[PDB]
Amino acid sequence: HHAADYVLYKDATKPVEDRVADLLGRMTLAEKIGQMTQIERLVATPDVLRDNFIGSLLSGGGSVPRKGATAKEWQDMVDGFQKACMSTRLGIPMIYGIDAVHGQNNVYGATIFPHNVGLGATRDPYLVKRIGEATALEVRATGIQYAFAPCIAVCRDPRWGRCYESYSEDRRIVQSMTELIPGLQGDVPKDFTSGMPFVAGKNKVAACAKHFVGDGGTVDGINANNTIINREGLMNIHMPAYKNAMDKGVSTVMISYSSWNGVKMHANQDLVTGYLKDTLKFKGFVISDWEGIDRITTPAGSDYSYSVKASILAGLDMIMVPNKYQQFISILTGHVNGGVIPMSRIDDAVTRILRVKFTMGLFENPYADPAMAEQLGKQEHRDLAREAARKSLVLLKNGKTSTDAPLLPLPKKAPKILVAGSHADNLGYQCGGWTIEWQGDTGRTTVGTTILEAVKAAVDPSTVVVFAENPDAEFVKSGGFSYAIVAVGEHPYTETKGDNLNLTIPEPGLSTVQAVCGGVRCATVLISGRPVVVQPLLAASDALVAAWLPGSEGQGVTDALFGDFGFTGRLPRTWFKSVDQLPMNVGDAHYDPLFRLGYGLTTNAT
């Protein structure tokens, strides 16, 4: 279809499948394995991208061009890498991925949304769609086309360090929140065939259902460990949301570090090829996790040859190396040249990768749009995160006896109030992990509103707001306070660092609650990624709110404290009485919760 130097794969009017086949039929082995290789920006250069025909780049947690970088600095970095890839013989654009898992969260000034557990408390899949939408805009603001989200793990033990990344211990809630997918990628058209990848265009991003499969089912919640459960329970608990994801066109699927009955997911052909691809009819690409093929062996990385063989034969398409690309490429080349991995396997991987790239428009818009930069941190997105933060809150107690005046909602006018605790004025703590750094961080790490700031923005001008982080009991009794808001809880964590067998909050936490509440009527705001031992905090407190990890918009918290909106959130997980009970889920026989799944007190707006 027309000029003398026409190449069908470069013709935007042709069907994706015809373009895929046209390009694939031209490619060398090197160009093919290149597509299959994803590297960290930290190791990427223009020569490395060109010479190794690299298919993808990522930023892992905290992998940024510099601290504080602007949206434009990110666009320019990504476009630099693209320009190198576009200069190869075939000019195949790279796809750049990132963990945008509660907003565009590695980026300074990005809207930071509540983490997933809190979103589950909302029971509002439309709200989660809208968060998808806004996250896609903020990702494309930085020139990035691919988000490693949603995590559709079904966390079955809150001792897991990634429990906050699971919407619920109930798979039906997880299923309902796969609406993140069409928010990120766009709605699929009415005809659509379940399992096909989809992205609407340059203002949307490819998504990633992760981590396949049973990541939330591991023994004692140990991260990346073994999930022991028969097929029927794998398929009833851990798998269903993957089928919802196929029905909504999710473009990619990332594999878990975890094992199922002792078989590493990254080496599981039966599940990745037999089930995901051949039964669910998934046609997008399957990506490993970070050195996930290295971790097939024990010790990790002790037979990289076998890691390559086992993963690629299992059905993985794209490998998140992410650093030792030269070794990956050489090993896989040798396996193909030796007949150990057939060309049909390579060609299937490359067909899928290319399918997603063409489908999403990447050959038509390889470069960033500078007019999108101003989407970062936009107020309309902050307003959405604020609504989500408010909706996520679960009111656990609102009075010590059933005859007390309900403490919440608090009045905005009072002569003097106290805001206290390690989490009252600490933006990093209220965002949790995967915020600016991989592990998150402490303090004013990004743009946002702390609980303290939100208080001061909410109250009547005559109300004097005193902050003390850790006041003693005399300070409070002498202070002339009408009431106090005290916020305490978990520190940021991510992945295996967050695995915790005791689930007791760090001190001082309880001691400040006790000191404050012993002097004046108090509302305690508990910031956590999961249920934690709570009976001592409850016994001290007039009211207590589970606020989860509500993100940058701390005014969502005070919107409910001061009665601008009623409390509506409901527990999306079981609250245990003791960690010796665990695992314990809505359903077992020994089901003896402190608060059952679905519990939450309400208030009315004033």
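Each residue number is its position in the shown sequence, starting from 1.
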| item | value |
| --- | --- |
| Higher-scoring stretch by recorded Cα B factor average, 256 to 264 or 380 to 388 | 256 to 264 |
| Selected stretch [higher average CA B-factor]: 19 to 27 or 581 to 589 | 581 to 589 |
| Residue selected from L362, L393, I451, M235 by maximal Cα B factor | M235 |
| Selection by C-alpha B-factor (highest) of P492, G301, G143, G118 | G301 |
| Assigned third (lowest, middle, highest) for the C-alpha B factor of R295 | highest |
| Lowest, middle or highest third - CA B-factor, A539 | highest |
| Entry-reported Cα temperature factor of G443, expressed as the chain third it lands in | middle |
| CA B-factor ranking of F53, expressed as a third of its chain | lowest |
| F565 - Cα temperature factor, lowest/middle/highest third of chain | middle |
